C-alpha cells in the first residue's frame, strides 16, 4: 500500500506568454499599458502577490486551482506585453480583470489579499481611465 503518499500537490503550467500563431499588434494603447499602467502597478507596495502565477504549493493552497480555472497574474501580463502577445488593449485589460476577479472569487471581503487587490484595482482603473488615441 502506497497510501497515495506520492500524489503531491503541484501547480498547473503557467498561462502562455507567446503564441506565434496568435495575431498580434503594437498599438499605442498596448505600449502605454506596459510602460505606464503595468509598470506603476508593479512598483506598488501591494503588487507582490500578483507579480507571478499563484504558487499554490508554496502558499499551501491546494484548493486554489480547484476553484480558479482561469489563472492570471501581472508577471504573465508583463511577459505578454513584452512579447507583443496582444492584438489590442482590451485583451490585456481582460487579463487584469481576470486577475482581480480570481482574487475576489478565491478569497473573502476583508482578507488582507483582497484589500491588496482592491487597492491595485483602484489604481488600475485610475490609470486606464484615459489611454492614448
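Only the largest set of C-alpha atoms that superpose within 1.5 Å between the two forms is called the rigid core. Numbering follows the first chain given and starts at 1.
Stretch comparison, 22-30 versus 45-53: after rigid core superposition, larger RMS CA deviation in 6 other deposited structures of this protein is found for 22-30. Two stretches are in play, 27-35 and 90-98, and the higher mean C-alpha B-factor belongs to 27-35. Stretches 1-9 and 122-130 differ in mean C-alpha B factor, with the higher average recorded for 1-9. Looking at 61, 54, 103, 81, the one whose CA carries the top B-factor in the deposited record is 61. Ranked by C-alpha B-factor against the other modelled residues of its chain, residue 14 falls in the middle third. Split the chain's modelled residues into thirds by C-alpha temperature factor. Residue 76 is in the lowest one. Ranked within its chain, residue 107 lands in the middle third, by CA B factor from the PDB record.
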